[PDB]
Amino acid sequence: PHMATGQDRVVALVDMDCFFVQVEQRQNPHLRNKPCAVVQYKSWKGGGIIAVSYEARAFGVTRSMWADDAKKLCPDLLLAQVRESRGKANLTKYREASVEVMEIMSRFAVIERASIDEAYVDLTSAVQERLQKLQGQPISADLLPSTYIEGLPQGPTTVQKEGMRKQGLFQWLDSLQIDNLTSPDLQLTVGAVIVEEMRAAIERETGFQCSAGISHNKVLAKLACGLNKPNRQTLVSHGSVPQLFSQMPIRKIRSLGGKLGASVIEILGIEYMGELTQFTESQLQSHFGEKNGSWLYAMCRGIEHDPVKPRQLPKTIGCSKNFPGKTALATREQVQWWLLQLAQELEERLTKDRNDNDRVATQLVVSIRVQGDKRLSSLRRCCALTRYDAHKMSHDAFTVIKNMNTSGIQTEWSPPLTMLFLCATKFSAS
DNA sequence: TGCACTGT
DNA sequence: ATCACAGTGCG
Ligand SMILES: Nc1ncnc2c1ncn2[C@H]1C[C@H](O)[C@@H](COP(=O)(O)NP(=O)(O)OP(=O)(O)O)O1
Ligand SMILES: [Mg+2]
Ligand SMILES: [Mg+2]
């Protein structure tokens, strides 16, 4: 009677299907419905792949592949390459396309921009509004034309995917308690209806397709989204969690894909998320800390309270470039010119941001990597950002890293710099 | 504050 | 020779 079940919210996670590919496919119809990928640069092995159409994924093409190697799996692979500006890749087209989608989503509910192509949605309020709009009318299956119900169909009493989807949807609806407006299952269902409408508005108004997950928290919504990609949405009810987690690898839950998740596996000697239920909260806290332990004890039961943050804009605006192998920057003149290229794109983006969103960045973060450093960043320094001036930002950034040159020869730079990073942070209203 | 960690 | 980003938590 007093055991909480984590069914107080309706949360959704929307994620664009092969987003960068869709952006290029909208612009160039010749790429539509083909095996294609978006590539970065072209000189080193045809460029690095950062996005792959589902037609190409069937040949085994993946993100991070070199295009020359992808061509070995998919000889007819088509390629759109990222725009290059001031010597570097420039992602403006995709950031702007992202804004298109985010603004549409914001018409239905407050969203948390989680990445360039996905956003969390708190639908608890909209669900209640819709629950009263209908005078206890049953939810027709025609309002959920692309929804999957995780765990269904099941039980006693065809062999195509869409047939299965309908089967599971019918079982779900036929047992829904439509008279109880407080039923969590009914609230998820209404949430799914709204997400159907949200995804329809996105495709109508931008041409982009997406998938979504609907559940009671962000981790389940995220996990649900990926169960039936692309162009489908999945509803993960509280009751579906025991079976879903019983065979769910720990690394699949958000925040457990790295070192922490591996230590959970190595220390506890378990494989699946569900196995965590057999440990006490104090046990999990003793191994992984007070916060992580409490989070794991609740999460393996499908409970999580991370709120959907009202944040439609990114908190930072950054610009970087790697200088691999022999292209490392070994002269103060080289560092001077590239710091200026970055500063110029940053000024461009910062001026636009200030005009569009009534805010100004107040701190400039400068980071570099040094050739041979095992880590991806070696130094991070911040300085005041008093003016949107590329030459000042680039001059200041040089000043804050300058002390890092171990070459008495003023013109030389050692060790060579393999990365430059400028980031505008600490925004204030303007 | 600077970095490790986690993610797209 | 992945690369270009972006958010969170620790001491
Ligand atoms: N490591 C990386 N480097 C550069 N760009 C990247 C990247 N990872 C992602 N992007 C860019 C490229 C992506 O288009 C976009 C969204 O990332 P996802 O949602 O993780 N992958 P997608 O949406 O393409 O396919 P689907 O969602 O259907 O699985 O961010
Ligand atoms: Mg995506
Ligand atoms: Mg995504």
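Numbered from 1 within each chain, the chains take letters A, B, ... in sequence-line order. Remember, it's 1-based here, ligands and their atoms both numbered in the order they're listed.
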(message) Between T234(A) and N228(A), is there a side-chain donor-acceptor contact under 3.5 Å, judged purely by atom types and distance?
(response) yes

(message) Between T362(A) and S428(A), do the side chains contain a donor N or O and an acceptor N or O under 3.5 Å apart?
(response) no

Show the atoms of ligand 1 that are less than 4.0 angstrom away from any heavy atom in [X].
X       : value
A51(A)  : 14 (O)
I116(A) : 30 (O)
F19(A)  : 14 (O), 22 (P), 23 (O), 24 (O)
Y54(A)  : 26 (P), 28 (O), 29 (O)

(message) With rounding to the nearest 0.5 angstrom, report the CD1 to CG distance, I139(A) to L176(A).
(response) 6.0 Å

(request) Take atom NZ of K259(A) as the centre, draw a 6.0 Å sphere, and report whether it contains more than 12 heavy atoms from other residues, nucleotides or ligands. (result) no

(request) Answer yes or no: is there a donor N or O on one side and an acceptor on the other, between the side chain of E275(A) and the main chain of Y272(A), under 3.5 Å? (result) yes

(message) Quick check against the 3.5 Å criterion: does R107(A) have a side-chain atom that pairs as donor or acceptor with the backbone of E103(A)?
(response) no

(request) Name whichever N, O or S atom of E118(A) ends up nearest to the Mg ion (ligand 3). (result) OE1

(message) Do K321(A) and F323(A) form a cation-pi contact, if we require the NZ or CZ to be under 6.0 Å from the six-membered ring centre and within 45 degrees of the ring's axis?
(response) yes

(request) Answer whether the closest heavy-atom distance between the side chains of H238(A) and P184(A) falls below 4.5 Å. (result) no

(message) What I want to find out is whether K71(A) reaches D68(A) closely enough, with some N-O distance under 4.0 Å, to be called a salt bridge.
(response) no

(request) May I ask you to check if ligand 1 and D17(A) share an N or O to N or O distance below 3.5 Å? (result) no

(request) For ligand 1, find out whether one of its N or O atoms is nearer than 3.5 Å to an N or O atom of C18(A). (result) yes

Closest protein heavy atom (residue, atom, distance) for [atom]:
atom                    : answer
atom 27 (O) of ligand 1 : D15(A) OD1, 2.9 Å
atom 8 (N) of ligand 1  : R63(A) CD, 3.6 Å
atom 13 (C) of ligand 1 : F20(A) CD1, 3.9 Å

(request) Output the atom name for the N/O/S atom of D117(A) with the smallest distance to the Mg ion (ligand 2). (result) OD2

(message) If I consider every N, O or S atom in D15(A), which one ends up closest to the Mg ion (ligand 2)? I only need its name.
(response) OD1

(request) Examine the proximity of ligand 1 to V52(A) and report which part, side chain or backbone, both or neither, has a heavy atom under 4.0 Å away. (result) neither

(request) Select the closest option to atom 3 (N) of ligand 1 among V82(A), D117(A), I50(A), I49(A), judged by heavy-atom distance. (result) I50(A)

(request) Check each of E24(A), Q40(A), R57(A) against atom 29 (O) of ligand 1 and report the one with the nearest heavy atom. (result) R57(A)

(message) I'd like to know if the Mg ion (ligand 2) has an N/O/S atom from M16(A) within less than 2.8 Å of it, counting both backbone and side-chain atoms.
(response) yes

(message) If I compare all heavy atoms of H305(A) with all of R9(A), which pair ends up nearest, and what's the gap?
(response) CA-NH2, 3.5 Å

